[PDB]
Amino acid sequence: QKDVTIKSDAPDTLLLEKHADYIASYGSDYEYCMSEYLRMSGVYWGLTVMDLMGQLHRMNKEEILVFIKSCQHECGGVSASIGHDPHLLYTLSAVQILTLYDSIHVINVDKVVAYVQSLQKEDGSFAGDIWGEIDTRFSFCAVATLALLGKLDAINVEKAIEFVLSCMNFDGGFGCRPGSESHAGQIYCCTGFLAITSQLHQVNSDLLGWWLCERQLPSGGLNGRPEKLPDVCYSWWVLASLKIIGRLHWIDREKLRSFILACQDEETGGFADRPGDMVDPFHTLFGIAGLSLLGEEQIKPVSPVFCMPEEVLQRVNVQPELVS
């Protein structure tokens, strides 16, 4: 029932030049300053979407490398911004960026590994930082960071696996913690985790795949759980999970594609969560990355596990086997 209706004059063409201009100019401001707490991930979203569009060169590599170095703390962890506190979220984003730039040794990789290792608990879970918030999101951040550094062996993988599987639910999905309700963002993290750790055979792919394709609403857009509005970023969280478990064909590609295109702002460039809303870099990445998963010609193939260009992952030999 809850859905949007796509108005007749919504964009129906891909405006790649506009999106690249939008990201290229982003952070030249209320929103910007108020989101300093996520800056490193913001940088990751911008750089990755630019690289997918073939426009990475328009961003400032040297400036970003210096920024990343200054955000690594003595513990090895990386913060969102200078003077903010280290967290697994921004550690992953930083490592993702350096991978895009083939500049991993700009930071101390041994200390990053030590940092990740230190956040694992007895039950196999990971805290986000020293303050102990437990979320399967952080299991994904840990293994994805380590995979990109060639150091997955640094954590207790079997225990990590056991914890993630303990968060599997009646509907085939996954929650933040044991007994937590399924939702698409979480499912992406856990299926991504299971891809990296070679445990996709433990997913009920038919059941989960069904729950995921039922995210598609009559508008063609995807929500993140039953009875919620669609949002363009689910073109990532849902589609990536479906791809990982070999069930991407279970959604209607053409109707989703039309929904994603309708979320573009033809004036400013960028994508918004839903058509006519204000764009942001987060939704711009996931709009573009979703289109790439659907096989969009003008966009580089993207890893459904890492949400980075596949050519980057090919280069570092980190390409987890999927279900198909």
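Under this definition, the rigid core comprises the largest set of C-alpha atoms superposing within 1.5 Å between the forms. Position 1 is the first residue in the sequence shown; the rest follow in order.
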**OP:** Taking the root mean square of C-alpha distances over all structures and residues in 9 other deposited structures of this protein, with a rigid core superposition, name the larger of 229-237 and 148-156.
**Re:** 229-237
Original post:
Taking RMS over all structures and residues, which stretch has CA atoms farther from the shown form in 9 other deposited structures of this protein, 30-38 or 61-69, after a rigid core fit?
Top reply: 30-38
**OP:** Answer with none, 1 to 3, 4 to 9, or 10 or more: how many deposited residues between residue 28 and residue 29 are not present in the coordinates.
**Re:** 1 to 3
**OP:** Output the stretch having the higher mean C-alpha B factor in the entry; the candidates are 5-13 and 305-313.
**Re:** 5-13
**OP:** Using only the Cα atoms and their B-factors as the entry lists them, report which of 187-195 and 220-228 averages higher.
**Re:** 220-228
Original post:
In this PDB entry, which of 260, 279, 43, 289 has the top CA B-factor?
Top reply: 279
**OP:** Determine which member of 254, 129, 135, 181 has the highest CA B-factor, using the values in the deposited entry.
**Re:** 254
Original post:
What third of its chain's C-alpha B-factors does residue 34 belong to: lowest, middle or highest?
Top reply: highest
Subject >> Where the record places residue 206 (Cα B-factor, split into thirds across the chain) >> reply: lowest
**OP:** Looking at the entry's B-factor column for C-alpha atoms only, identify whether residue 159 ranks in the lowest, middle or highest third of its chain.
**Re:** middle
Original post:
How does residue 85 rank on Cα B-factor within its chain, lowest, middle or highest third?
Top reply: middle
Subject >> Entry-reported Cα temperature factor of residue 147, expressed as the chain third it lands in >> reply: lowest
